[PDB]
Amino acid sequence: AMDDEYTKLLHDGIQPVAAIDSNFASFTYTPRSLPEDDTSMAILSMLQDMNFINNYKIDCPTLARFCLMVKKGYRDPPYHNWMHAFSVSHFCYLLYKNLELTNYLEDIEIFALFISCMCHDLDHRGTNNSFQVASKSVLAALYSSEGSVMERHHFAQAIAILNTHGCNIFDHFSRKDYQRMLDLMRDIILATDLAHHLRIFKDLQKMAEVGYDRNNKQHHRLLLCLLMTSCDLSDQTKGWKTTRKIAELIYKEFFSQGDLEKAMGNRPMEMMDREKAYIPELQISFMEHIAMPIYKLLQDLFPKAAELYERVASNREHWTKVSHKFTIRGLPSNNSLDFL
């Protein structure tokens, strides 16, 4: 159903977003409930709704071909796959719809954000940055002096897609705007390195304290940074079932890297060591120390974003609640102590 795929994608209309689901454009929509078969069409619906296609006279063949090439540029580790990218892109669309980004950022910045969302984890292998370095990967070999190893590769892969014949959805920009767009993507993608976020966190607080100034150029940069990290973590803004299930995949991925490190004779981080990792406290810590501050910062800049923070805080309480279930009380389901 692969070339079947390009053809349908291109020669039918692009569905109106509302026809996808009546709640497609609300903060309570879970993008991962859309069949993976429909997600490319969905990307195009959002692009058309956000008016970028008919704004920039983008080649529908080029655009549909971009989309499928982006999708195909993901591997299939448990977490860092296309459905991640898709729901991350979808949240960006939500932000643009519910928060009115056009009053905050230039059309080009928003386009670069959405597109960086599609591409921000391309060709991920289920290993992190410290793995690249520790294992002397060829990615660590090329990007050897400044960290953000994977993020540098994700941007590199996005670049190589745009430079594939019939995939340059930017080949309509002036050379000036083309450069600007590439520098935008690099910055937004790079911002998805958690180390980056921790570096600029103080500056984000400040901007939120004094208030976003649209004539401040450094505010534009910080906003786009905060918005992108809000997109990368948006699974935490949905239901309990979503955080629960996203913990499954995360930990499945992490533990595989740990098993591999052990085999190479490295010592894995605890959260990657399936023998040592206590998932409930790892989640609460992650929630309390990473994701919560992101959505609080977003609530401070954007008062309509408040429901998202309160979702994320409610998801944390719930890990607190079910946290006792990770000590086996009574007997296992089968009434057996064999597992001993």
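Heads up, when I say rigid core I mean the largest set of C-alphas that superpose within 1.5 Å between the two forms. Note that residue numbering follows the sequence shown and begins at 1.
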property	result
In 9 other deposited structures of this protein, rigid core aligned: more displaced of 149-157 and 237-245 by C-alpha RMS	149-157
Outlying stretch relative to shown form, 49-57 versus 274-282 in 9 other deposited structures of this protein, C-alpha RMS (core)	274-282
Greater mean Cα temperature factor according to the PDB record, 97-105 or 121-129	97-105
Stretch with the greater mean C-alpha B-factor as recorded in the entry, comparing 309-317 against 63-71	309-317
Among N163, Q157, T242, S234 - the residue whose C-alpha B-factor is largest in the record	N163
Modelled-residue ranking by C-alpha temperature factor, third containing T28	middle
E151 by Cα B-factor - lowest, middle or highest third of the modelled chain	lowest
Chain thirds of CA B-factor: placement of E270	highest
Entry-reported Cα temperature factor of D187, expressed as the chain third it lands in	lowest
Among modelled residues of the same chain, the CA temperature factor third for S145	highest
